[PDB]
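Worksheet for the structure shown next.
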Number of protein chains: 2
Amino acid sequence: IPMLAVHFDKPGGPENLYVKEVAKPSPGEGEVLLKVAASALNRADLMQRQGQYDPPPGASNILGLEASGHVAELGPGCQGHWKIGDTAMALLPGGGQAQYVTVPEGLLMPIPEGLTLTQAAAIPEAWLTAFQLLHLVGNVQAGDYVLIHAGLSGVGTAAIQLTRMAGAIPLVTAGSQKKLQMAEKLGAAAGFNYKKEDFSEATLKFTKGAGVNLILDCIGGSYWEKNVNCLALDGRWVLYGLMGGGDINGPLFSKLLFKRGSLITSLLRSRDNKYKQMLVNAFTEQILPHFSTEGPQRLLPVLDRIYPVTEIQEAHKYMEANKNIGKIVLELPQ
Amino acid sequence: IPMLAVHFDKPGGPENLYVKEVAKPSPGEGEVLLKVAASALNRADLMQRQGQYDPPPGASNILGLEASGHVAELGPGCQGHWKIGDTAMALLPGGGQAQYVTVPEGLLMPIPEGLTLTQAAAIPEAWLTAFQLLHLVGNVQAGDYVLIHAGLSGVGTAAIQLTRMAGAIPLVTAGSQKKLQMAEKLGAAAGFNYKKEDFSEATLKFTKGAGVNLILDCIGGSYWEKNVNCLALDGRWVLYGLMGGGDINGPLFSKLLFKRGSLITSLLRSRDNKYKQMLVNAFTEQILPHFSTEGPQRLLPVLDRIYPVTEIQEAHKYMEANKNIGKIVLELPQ
Ligand SMILES: NC(=O)c1ccc[n+]([C@@H]2O[C@H](COP(=O)([O-])OP(=O)(O)OC[C@H]3O[C@@H](n4cnc5c(N)ncnc54)[C@H](OP(=O)(O)O)[C@@H]3O)[C@@H](O)[C@H]2O)c1
Ligand SMILES: NC(=O)c1ccc[n+]([C@@H]2O[C@H](COP(=O)([O-])OP(=O)(O)OC[C@H]3O[C@@H](n4cnc5c(N)ncnc54)[C@H](OP(=O)(O)O)[C@@H]3O)[C@@H](O)[C@H]2O)c1
């Protein structure tokens with residue numbers, strides 16, 4: 001039986017995209033079908049339709065790493081915890097931007113109270129990655145200085161708040177004064193405009209010459225020279241981007257050895273199910289309750305713009321021009 | 001109050017080395033004076049007299065990173081398990097290749113029963129580093145596939161054995177068939193001659209395409225591509241040498257991020273006393289007793305050649321020619 005979903009015949013630019021009737025999936029041993037209300041764009045969706053990000057073997061080849069909606073159907077061998085009608089959000093390897101999606105019941109998360117389904121669609125990928133990067137990969141401690149690159153993005157806007165909730169001191173880099181000001185309102189200790197100034201020196205000045213203890217790098221090759229200088233002794237330098245590189249050309253080994261540094265790379269989409277549940281399980285204890293605490297310390301999902309699925313084309317152009325300040329959510333017709 | 005010591009007037013070649021009368025040092029709060037019976041050459045010593053390596057602020061600017069001998073004298077504030085006349089060995093920041101050396105008693109280790117003071121002179125720097133890199137930095141687990149570059153070096157010949165004791169599988173790379181054969185007898189699961197073959201394709205072949213879980217890289221630049229290729233998913237890549245480079249010139253970030261890798265750099269000499277005391281204590285408990293167990297599983301310190309201090313000049317030409325197969329010990333006239 002049929003189903004509307006985001007699609008592209010051939011890999012190319014954003015103009016190739018359209019909504020198409022594809023086959024409606026079905027559950028299968030410990031998973032549930034989710035009637036999607038709204039999904040969210042991520043940078044991985046851009047690369048995929050250009051061809052540079054194929055989904056892991058078996059996972060659906062259709063854009064959407066996260067989704068929010070209602071429980072449509074139960075699969076064989078479930079817990080019975082989730083029931084048909086319950087609201088939920090999930091982390092996906094694909095198939096997020098389609099009316100229905102098949103989701104293992106482990107990776108399914110409840111919606112915080114006082115949040116719209118459109119709002120809850122902005123949580124999964126951005127905050128689960130942020131939480132992974134900060135706590136599991138980085139082991140952020142109370143006192144650590146943190147350098148968040150592309151801080152006014154999906155993951156970055158989440159990272160500023162989790163770093164503040166972890167009791168660390170976040171430092172941001174972005175390409176606009178308008179963005180840095182929003183970064184400040186998210187509890188950023190300092191914000192630097194990389195197009196205006198050298199963030200390495202700014203960071204060394206802010207940390208009184210000590211440097212940062214943790215770097216959440218998602219730029220890569222254009223930043224490596226600068227990242228190593230402002231990295232403190234024994235500092236962790238978490239890599240997960242390559243938006244501004246992938247290639248290295250210089251004495252990285254020499255300088256990273258001098259700072260006694262550690263270059264820990266990290267991925268999420270490519271992980272196994274045992275790992276993904278463990279992350280979602282850790283996240284639902286440590287982080288999820290604070291989306292509906294009250295105000296003073298309440299985590300706010302940053303929404304820039306909401307588009308319908310029929311304007312998926314115009315949404316990709318908006319992300320590629322770097323205009324978004326937080327998440328950019330798509331609504332699927334129900 | 002004079003004392004014979006290895007010295008060089010200006011930084012240059014090995015011909016600048018000779019033995020000179022220097023002022024004899026004195027203890028000072030929680031340390032002892034060790035009457036040196038033997039020391040050992042390390043790669044650090046070569047770089048130091050070329051000018052590249054400097055000793056850490058305060059520490060003595062006289063060659064020798066390790067020593068073995070009798071506790072000549074007690075300094076103030078000693079805890080007093082050690083007594084004058086006790087034979088011991090020590091990890092130093094410098095001053096090891098001279099008749100007397102000042103040593104904090106926290107870094108003082110007992111000599112295994114049966115071993116000559118000359119043999120004990122090979123243990124500290126090589127094995128403490130090997131142990132550091134394997135356990136503390138690298139977190140070796142039983143079953144892991146460990147790739148040890150320059151495996152027939154001071155650090156190497158120790159690493160092979162500790163890796164084996166850890167229940168791990170050591171794979172070695174050296175530049176000579178004669179050397180590889182010695183690696184085998186030390187328990188190397190496989191040996192590769194890099195001057196004859198590609199170790200990246202050999203390593204993968206051995207690991208059934210899976211790749212190595214841990215790398216003890218002390219070559220650096222010239223090996224970076226071949227290391228990233230043969231590294232496994234979530235593999236650790238400990239960097240501690242840069243003998244064959246220091247510069248990178250390709251898509252390192254792209255490939256490391258695919259393997260979800262960790263590039264952990266490590267140094268020993270530059271560290272504070274707290275870390276050094278913690279490390280030597282872990283070593284004495286876990287490792288040291290096995291230097292005198294019985295036979296089957298016994299740890300063997302490997303000595304290539306012994307030189308007297310007067311022939312220091314000759315010893316440096318030997319190491320710089322890469323001829324040594326294990327440690328290379330210097331004996332001091334007492
Ligand atoms: N590790 C994982 O499993 C995983 C999962 C999710 C996301 N990610 C990564 O997280 C990053 C952000 O993802 P997202 O979905 O949040 O994207 P996003 O919302 O579109 O944000 C990306 C931002 O980065 C900045 N930027 C783009 N190119 C840059 C460059 N060359 N140099 C410096 N800044 C640049 C842009 O703003 P300004 O330049 O104006 O500051 C842009 O707004 C991506 O690199 C993505 O690959 C990784
Ligand atoms: N983290 C620390 O504080 C620390 C502590 C101790 C040692 N280290 C490092 O460990 C390394 C070895 O120390 P060591 O004193 O044991 O050295 P060593 O005994 O003199 O042996 C070095 C061996 O490495 C091989 N080699 C030399 N140059 C090479 C190159 N360009 N490419 C590939 N192989 C090369 C040579 O054998 P083949 O060519 O035959 O293979 C040589 O015999 C040094 O780089 C040193 O800096 C670091």
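In the structure tokens, the first chain shown is A, the next is B, and so on; residue numbers restart at 1 for each chain, and ligands run from 1 in the order shown.
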To check your reading of the model: which residues sit at most 8 Å from ligand 1 when counting only C-alpha atoms and all ligand atoms? Write the answer as a PyMOL selection string.
chain A and resi 41-44+125-126+129+133+149-156+173-176+179+194+218-219+222-223+239-245+266-270+319-328
Selection from above, N, CA and C atoms, as a short mmCIF file (atom, residue, chain, number, x, y, z; two decimals), in the first residue's frame, can you write it?
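selection38.cif, freshly written:
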```cif
data_model
loop_
_atom_site.label_atom_id
_atom_site.label_comp_id
_atom_site.auth_asym_id
_atom_site.auth_seq_id
_atom_site.Cartn_x
_atom_site.Cartn_y
_atom_site.Cartn_z
N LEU A 41 15.63 18.61 8.93
CA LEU A 41 16.80 18.56 8.06
C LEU A 41 18.07 18.49 8.90
N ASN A 42 19.02 17.69 8.41
CA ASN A 42 20.38 17.65 8.94
C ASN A 42 21.36 17.75 7.77
N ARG A 43 22.61 18.11 8.06
CA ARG A 43 23.61 18.29 7.01
C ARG A 43 23.88 17.00 6.24
N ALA A 44 23.63 15.86 6.89
CA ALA A 44 23.78 14.55 6.24
C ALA A 44 22.78 14.34 5.09
N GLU A 125 18.52 13.92 16.59
CA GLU A 125 19.86 13.91 16.01
C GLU A 125 20.76 14.97 16.63
N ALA A 126 20.22 16.18 16.79
CA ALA A 126 21.00 17.32 17.28
C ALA A 126 21.51 17.11 18.71
N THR A 129 23.56 13.47 19.34
CA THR A 129 24.92 13.65 18.86
C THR A 129 25.70 14.54 19.83
N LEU A 133 28.90 13.22 21.76
CA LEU A 133 30.17 13.94 21.61
C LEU A 133 30.72 14.44 22.94
N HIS A 149 32.56 24.48 17.43
CA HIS A 149 32.61 25.06 16.10
C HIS A 149 31.27 24.87 15.37
N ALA A 150 30.87 25.89 14.61
CA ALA A 150 29.54 25.94 13.99
C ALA A 150 28.47 25.84 15.08
N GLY A 151 28.64 26.65 16.12
CA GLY A 151 27.81 26.57 17.32
C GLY A 151 26.34 26.89 17.12
N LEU A 152 26.02 27.64 16.07
CA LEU A 152 24.63 27.98 15.78
C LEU A 152 24.15 27.12 14.62
N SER A 153 24.09 25.82 14.92
CA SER A 153 23.67 24.78 14.00
C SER A 153 22.80 23.82 14.80
N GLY A 154 22.38 22.73 14.17
CA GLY A 154 21.60 21.70 14.86
C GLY A 154 22.27 21.20 16.13
N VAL A 155 23.48 20.67 15.98
CA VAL A 155 24.22 20.08 17.10
C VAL A 155 24.80 21.15 18.02
N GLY A 156 25.34 22.22 17.42
CA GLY A 156 25.97 23.30 18.17
C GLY A 156 25.07 23.98 19.18
N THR A 173 32.18 29.49 17.85
CA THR A 173 32.63 30.11 16.60
C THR A 173 31.51 30.05 15.55
N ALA A 174 31.23 31.19 14.91
CA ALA A 174 30.20 31.27 13.88
C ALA A 174 30.56 32.34 12.84
N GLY A 175 29.79 32.41 11.76
CA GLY A 175 30.09 33.31 10.64
C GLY A 175 29.12 34.47 10.48
N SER A 176 28.67 35.04 11.59
CA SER A 176 27.73 36.16 11.57
C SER A 176 27.51 36.74 12.96
N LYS A 179 24.17 35.66 14.47
CA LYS A 179 24.18 34.30 15.03
C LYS A 179 24.86 34.27 16.41
N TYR A 194 34.66 34.01 13.06
CA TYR A 194 35.87 33.50 12.39
C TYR A 194 36.21 34.25 11.11
N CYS A 218 33.71 20.28 13.87
CA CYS A 218 32.98 19.78 12.72
C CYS A 218 33.32 20.55 11.43
N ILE A 219 34.48 21.21 11.42
CA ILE A 219 34.97 21.92 10.24
C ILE A 219 36.11 21.13 9.62
N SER A 222 40.31 23.10 7.37
CA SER A 222 40.59 24.54 7.36
C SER A 222 40.91 25.06 8.76
N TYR A 223 40.50 24.31 9.78
CA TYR A 223 40.61 24.73 11.18
C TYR A 223 41.75 24.05 11.95
N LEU A 239 36.48 15.16 16.70
CA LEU A 239 36.28 15.44 15.28
C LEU A 239 35.06 14.68 14.77
N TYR A 240 34.20 15.38 14.03
CA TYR A 240 32.99 14.76 13.48
C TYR A 240 32.35 15.51 12.30
N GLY A 241 33.15 16.24 11.52
CA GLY A 241 32.58 17.13 10.50
C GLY A 241 33.16 17.08 9.10
N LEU A 242 34.31 17.70 8.92
CA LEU A 242 34.95 17.82 7.60
C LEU A 242 34.15 18.70 6.62
N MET A 243 33.38 19.65 7.14
CA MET A 243 32.66 20.61 6.29
C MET A 243 33.64 21.55 5.61
N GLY A 244 34.75 21.83 6.28
CA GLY A 244 35.81 22.68 5.74
C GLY A 244 37.12 21.94 5.55
N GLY A 245 37.06 20.67 5.15
CA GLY A 245 38.28 19.94 4.81
C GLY A 245 38.15 18.43 4.63
N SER A 266 34.29 10.59 15.80
CA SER A 266 33.03 9.98 16.23
C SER A 266 31.96 10.03 15.14
N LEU A 267 31.20 8.94 15.02
CA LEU A 267 30.03 8.87 14.15
C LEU A 267 28.85 8.29 14.93
N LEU A 268 27.63 8.47 14.41
CA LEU A 268 26.41 7.97 15.06
C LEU A 268 25.57 7.10 14.13
N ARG A 269 25.28 7.61 12.94
CA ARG A 269 24.48 6.88 11.95
C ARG A 269 25.04 5.47 11.66
N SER A 270 26.36 5.35 11.62
CA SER A 270 27.03 4.10 11.25
C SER A 270 27.16 3.10 12.41
N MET A 319 19.46 25.77 3.94
CA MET A 319 20.53 25.17 4.74
C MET A 319 21.89 25.32 4.06
N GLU A 320 21.93 25.10 2.75
CA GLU A 320 23.19 25.19 2.00
C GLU A 320 23.80 26.59 2.00
N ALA A 321 22.95 27.61 2.05
CA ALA A 321 23.41 29.00 2.15
C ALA A 321 23.79 29.40 3.58
N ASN A 322 23.73 28.44 4.51
CA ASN A 322 24.13 28.63 5.91
C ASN A 322 23.29 29.65 6.69
N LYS A 323 22.07 29.89 6.23
CA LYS A 323 21.21 30.93 6.79
C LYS A 323 20.49 30.50 8.07
N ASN A 324 20.36 29.19 8.28
CA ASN A 324 19.63 28.66 9.45
C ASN A 324 20.38 28.86 10.77
N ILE A 325 19.61 29.17 11.82
CA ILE A 325 20.15 29.44 13.15
C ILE A 325 19.47 28.50 14.13
N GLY A 326 19.92 27.25 14.13
CA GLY A 326 19.26 26.17 14.85
C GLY A 326 18.67 25.19 13.85
N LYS A 327 17.73 24.38 14.31
CA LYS A 327 17.13 23.33 13.48
C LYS A 327 16.14 23.90 12.47
N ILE A 328 15.93 23.15 11.40
CA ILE A 328 14.97 23.54 10.35
C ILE A 328 14.04 22.35 10.07
#
```
Could you give me, as a list in words, the residues within 10 Å of residue 251 in chain B, counting only C-alpha atoms and dropping anything in the same chain fewer than 3 positions from it?
residues 221, 245, 246, 247, 248 and 249 of chain A; 225, 248, 254, 255 and 256 of chain B
Would you save the residues of that selection, restricted to N, CA and C atoms, as a short mmCIF file (atom, residue, chain, number, x, y, z; two decimals), in the first residue's frame?
```
data_model
loop_
_atom_site.label_atom_id
_atom_site.label_comp_id
_atom_site.auth_asym_id
_atom_site.auth_seq_id
_atom_site.Cartn_x
_atom_site.Cartn_y
_atom_site.Cartn_z
N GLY A 221 39.64 20.41 8.15
CA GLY A 221 40.90 20.74 7.49
C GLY A 221 41.29 22.21 7.41
N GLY A 245 37.06 20.67 5.15
CA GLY A 245 38.28 19.94 4.81
C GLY A 245 38.15 18.43 4.63
N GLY A 246 38.84 17.68 5.48
CA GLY A 246 39.05 16.25 5.27
C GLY A 246 40.52 15.95 5.02
N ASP A 247 41.20 16.86 4.31
CA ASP A 247 42.63 16.74 4.03
C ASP A 247 43.46 17.53 5.05
N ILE A 248 44.65 17.03 5.35
CA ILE A 248 45.61 17.71 6.21
C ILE A 248 46.91 17.89 5.43
N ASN A 249 47.62 18.99 5.70
CA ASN A 249 48.84 19.34 4.98
C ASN A 249 49.73 20.24 5.83
N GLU B 225 49.38 6.97 6.19
CA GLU B 225 48.38 6.40 5.27
C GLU B 225 48.20 4.91 5.53
N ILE B 248 51.89 15.64 7.72
CA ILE B 248 50.82 14.88 7.06
C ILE B 248 50.47 15.61 5.77
N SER B 254 39.44 12.49 6.79
CA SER B 254 38.40 11.73 6.07
C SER B 254 38.45 10.24 6.39
N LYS B 255 39.66 9.68 6.42
CA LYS B 255 39.84 8.24 6.62
C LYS B 255 39.70 7.83 8.08
N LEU B 256 40.23 8.65 8.99
CA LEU B 256 40.15 8.38 10.43
C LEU B 256 38.70 8.44 10.91
#
```
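Between CA of residue 100 in chain A and CA of residue 84 in chain A the separation is 13.5 Å.
When CA of residue 160 in chain A is paired with CA of residue 148 in chain A, their separation reads 7.5 Å.
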Two-atom distance - CA of residue 172 in chain B, CA of residue 199 in chain B (Å):
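Straight-line distance from CA of residue 172 in chain B to CA of residue 199 in chain B works out to 9.2 Å.
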Report as an MDAnalysis selection string all protein, DNA and RNA residues lying within 9 Å of residue 74 in chain B, evaluated on only C-alpha atoms, omitting residues in the same chain fewer than 2 positions from it.
chainID B and resid 27:28 30:33 71:72 76:78 80 82:84
With only C-alpha atoms as the counted atoms, please give the residues lying no more than 10 Å from residue 95 in chain A, apart from itself and same-chain residues fewer than 2 positions off, as a ChimeraX atom specification.
/A:5-6,25,39,59-67,92-93,97-103
Among the residues A:238, A:315, A:309, A:299, the one that comes closest to chain B [using only C-alpha atoms]
A:238
Run DSSP on the backbone of this structure and report the residues of range 45-117 of chain B it assigns to strand (DSSP E), as a list in words.
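Here are the strand (DSSP E) residues of range 45-117 of chain B: residues 66, 67, 68, 69, 70, 71, 72, 73, 74, 87, 88, 89, 90, 91, 100, 101, 102, 103, 104, 108, 109 and 110 of chain B.
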Any chance you could export the current selection's N, CA, C and O atoms as a PDB file, in the first residue's frame?
```pdb
ATOM      1  N   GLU B  66      67.572   6.833  32.225  1.00  0.00           N
ATOM      2  CA  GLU B  66      67.402   5.731  33.169  1.00  0.00           C
ATOM      3  C   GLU B  66      68.748   5.317  33.749  1.00  0.00           C
ATOM      4  O   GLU B  66      69.797   5.594  33.163  1.00  0.00           O
ATOM      5  N   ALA B  67      68.710   4.662  34.906  1.00  0.00           N
ATOM      6  CA  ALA B  67      69.928   4.222  35.582  1.00  0.00           C
ATOM      7  C   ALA B  67      69.659   3.075  36.545  1.00  0.00           C
ATOM      8  O   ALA B  67      68.511   2.805  36.915  1.00  0.00           O
ATOM      9  N   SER B  68      70.739   2.406  36.934  1.00  0.00           N
ATOM     10  CA  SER B  68      70.681   1.294  37.870  1.00  0.00           C
ATOM     11  C   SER B  68      71.947   1.288  38.703  1.00  0.00           C
ATOM     12  O   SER B  68      73.039   1.472  38.167  1.00  0.00           O
ATOM     13  N   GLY B  69      71.800   1.069  40.006  1.00  0.00           N
ATOM     14  CA  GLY B  69      72.944   1.048  40.910  1.00  0.00           C
ATOM     15  C   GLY B  69      72.548   0.937  42.370  1.00  0.00           C
ATOM     16  O   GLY B  69      71.470   0.431  42.690  1.00  0.00           O
ATOM     17  N   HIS B  70      73.426   1.418  43.251  1.00  0.00           N
ATOM     18  CA  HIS B  70      73.197   1.377  44.696  1.00  0.00           C
ATOM     19  C   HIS B  70      72.705   2.726  45.205  1.00  0.00           C
ATOM     20  O   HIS B  70      73.102   3.768  44.689  1.00  0.00           O
ATOM     21  N   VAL B  71      71.848   2.705  46.221  1.00  0.00           N
ATOM     22  CA  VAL B  71      71.417   3.938  46.874  1.00  0.00           C
ATOM     23  C   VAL B  71      72.584   4.473  47.696  1.00  0.00           C
ATOM     24  O   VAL B  71      72.841   4.001  48.805  1.00  0.00           O
ATOM     25  N   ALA B  72      73.296   5.447  47.134  1.00  0.00           N
ATOM     26  CA  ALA B  72      74.503   5.994  47.761  1.00  0.00           C
ATOM     27  C   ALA B  72      74.190   6.788  49.023  1.00  0.00           C
ATOM     28  O   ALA B  72      74.882   6.657  50.029  1.00  0.00           O
ATOM     29  N   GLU B  73      73.137   7.598  48.960  1.00  0.00           N
ATOM     30  CA  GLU B  73      72.830   8.555  50.018  1.00  0.00           C
ATOM     31  C   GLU B  73      71.317   8.794  50.118  1.00  0.00           C
ATOM     32  O   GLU B  73      70.594   8.639  49.135  1.00  0.00           O
ATOM     33  N   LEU B  74      70.856   9.158  51.313  1.00  0.00           N
ATOM     34  CA  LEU B  74      69.456   9.535  51.546  1.00  0.00           C
ATOM     35  C   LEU B  74      69.332  11.049  51.661  1.00  0.00           C
ATOM     36  O   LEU B  74      70.125  11.696  52.351  1.00  0.00           O
ATOM     37  N   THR B  87      70.379  -2.067  46.153  1.00  0.00           N
ATOM     38  CA  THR B  87      70.462  -1.917  44.703  1.00  0.00           C
ATOM     39  C   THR B  87      69.085  -1.576  44.151  1.00  0.00           C
ATOM     40  O   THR B  87      68.081  -2.139  44.589  1.00  0.00           O
ATOM     41  N   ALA B  88      69.047  -0.656  43.191  1.00  0.00           N
ATOM     42  CA  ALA B  88      67.792  -0.207  42.597  1.00  0.00           C
ATOM     43  C   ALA B  88      67.989   0.268  41.160  1.00  0.00           C
ATOM     44  O   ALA B  88      69.113   0.350  40.668  1.00  0.00           O
ATOM     45  N   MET B  89      66.877   0.562  40.494  1.00  0.00           N
ATOM     46  CA  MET B  89      66.888   1.153  39.160  1.00  0.00           C
ATOM     47  C   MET B  89      65.858   2.271  39.123  1.00  0.00           C
ATOM     48  O   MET B  89      64.900   2.249  39.898  1.00  0.00           O
ATOM     49  N   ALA B  90      66.047   3.240  38.233  1.00  0.00           N
ATOM     50  CA  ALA B  90      65.213   4.440  38.240  1.00  0.00           C
ATOM     51  C   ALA B  90      64.915   4.980  36.850  1.00  0.00           C
ATOM     52  O   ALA B  90      65.737   4.861  35.942  1.00  0.00           O
ATOM     53  N   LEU B  91      63.726   5.570  36.711  1.00  0.00           N
ATOM     54  CA  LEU B  91      63.345   6.342  35.530  1.00  0.00           C
ATOM     55  C   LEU B  91      63.684   7.803  35.786  1.00  0.00           C
ATOM     56  O   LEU B  91      63.219   8.389  36.765  1.00  0.00           O
ATOM     57  N   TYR B 100      76.946   9.559  39.706  1.00  0.00           N
ATOM     58  CA  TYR B 100      75.907   9.773  40.710  1.00  0.00           C
ATOM     59  C   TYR B 100      74.752  10.540  40.093  1.00  0.00           C
ATOM     60  O   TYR B 100      74.968  11.401  39.243  1.00  0.00           O
ATOM     61  N   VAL B 101      73.532  10.227  40.527  1.00  0.00           N
ATOM     62  CA  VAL B 101      72.322  10.888  40.027  1.00  0.00           C
ATOM     63  C   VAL B 101      71.266  11.029  41.121  1.00  0.00           C
ATOM     64  O   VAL B 101      71.058  10.118  41.928  1.00  0.00           O
ATOM     65  N   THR B 102      70.600  12.179  41.127  1.00  0.00           N
ATOM     66  CA  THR B 102      69.555  12.477  42.098  1.00  0.00           C
ATOM     67  C   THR B 102      68.225  11.874  41.620  1.00  0.00           C
ATOM     68  O   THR B 102      67.806  12.113  40.482  1.00  0.00           O
ATOM     69  N   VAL B 103      67.574  11.081  42.477  1.00  0.00           N
ATOM     70  CA  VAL B 103      66.340  10.368  42.099  1.00  0.00           C
ATOM     71  C   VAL B 103      65.274  10.373  43.199  1.00  0.00           C
ATOM     72  O   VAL B 103      65.521   9.871  44.294  1.00  0.00           O
ATOM     73  N   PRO B 104      64.076  10.926  42.907  1.00  0.00           N
ATOM     74  CA  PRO B 104      62.935  10.796  43.822  1.00  0.00           C
ATOM     75  C   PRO B 104      62.621   9.332  44.132  1.00  0.00           C
ATOM     76  O   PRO B 104      62.499   8.524  43.211  1.00  0.00           O
ATOM     77  N   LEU B 108      61.796   5.014  42.253  1.00  0.00           N
ATOM     78  CA  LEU B 108      62.857   4.050  42.512  1.00  0.00           C
ATOM     79  C   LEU B 108      62.246   2.651  42.520  1.00  0.00           C
ATOM     80  O   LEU B 108      61.256   2.407  43.213  1.00  0.00           O
ATOM     81  N   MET B 109      62.833   1.739  41.746  1.00  0.00           N
ATOM     82  CA  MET B 109      62.326   0.374  41.632  1.00  0.00           C
ATOM     83  C   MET B 109      63.380  -0.654  42.024  1.00  0.00           C
ATOM     84  O   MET B 109      64.562  -0.472  41.728  1.00  0.00           O
ATOM     85  N   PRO B 110      62.954  -1.752  42.673  1.00  0.00           N
ATOM     86  CA  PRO B 110      63.890  -2.802  43.041  1.00  0.00           C
ATOM     87  C   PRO B 110      64.293  -3.647  41.836  1.00  0.00           C
ATOM     88  O   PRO B 110      63.495  -3.836  40.918  1.00  0.00           O
TER      89      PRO B 110
END
```
Using only C-alpha atoms, find the one residue out of B:138, B:177, B:334, B:292 that sits nearest to chain A.
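Residue with the minimum atom-to-atom distance to chain A: B:138.
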Which residues are close to residue 9 in chain B, i.e. within 10 Å by only C-alpha atoms, leaving aside same-chain residues fewer than 3 positions away? Reply as an MDAnalysis selection string.
chainID B and resid 12 16:18 49
If you count only C-alpha atoms, which residues fall within 10 Å of residue 164 in chain B, apart from same-chain ones fewer than 3 positions away, as JSON, numbers by chain?
{"B": [142, 143, 146, 159, 160, 161, 167, 168, 169, 170, 186, 187, 188, 189, 297]}
Please dump the current selection as an mmCIF file, in the first residue's frame; keep C-alpha atoms.
```
data_model
loop_
_atom_site.group_PDB
_atom_site.id
_atom_site.type_symbol
_atom_site.label_atom_id
_atom_site.label_comp_id
_atom_site.auth_asym_id
_atom_site.auth_seq_id
_atom_site.Cartn_x
_atom_site.Cartn_y
_atom_site.Cartn_z
ATOM 1 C CA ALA B 142 42.813 -9.444 25.805
ATOM 2 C CA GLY B 143 42.209 -10.474 22.184
ATOM 3 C CA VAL B 146 48.334 -4.708 18.364
ATOM 4 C CA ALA B 159 55.999 -3.940 24.083
ATOM 5 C CA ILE B 160 55.936 -7.326 22.340
ATOM 6 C CA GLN B 161 56.280 -9.117 25.670
ATOM 7 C CA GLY B 167 46.551 -11.630 26.334
ATOM 8 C CA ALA B 168 46.868 -9.561 23.159
ATOM 9 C CA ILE B 169 48.276 -10.412 19.731
ATOM 10 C CA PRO B 170 51.398 -8.423 18.816
ATOM 11 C CA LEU B 186 59.926 -12.746 21.860
ATOM 12 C CA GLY B 187 56.404 -13.977 20.958
ATOM 13 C CA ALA B 188 55.475 -11.843 17.938
ATOM 14 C CA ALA B 189 52.441 -13.387 16.222
ATOM 15 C CA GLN B 297 55.934 -16.351 31.082
#
```
Using only C-alpha atoms, which of A:260, A:290, A:178, A:316 sits nearest chain B?
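Looking only at the distances to chain B, the closest residue turns out to be A:260.
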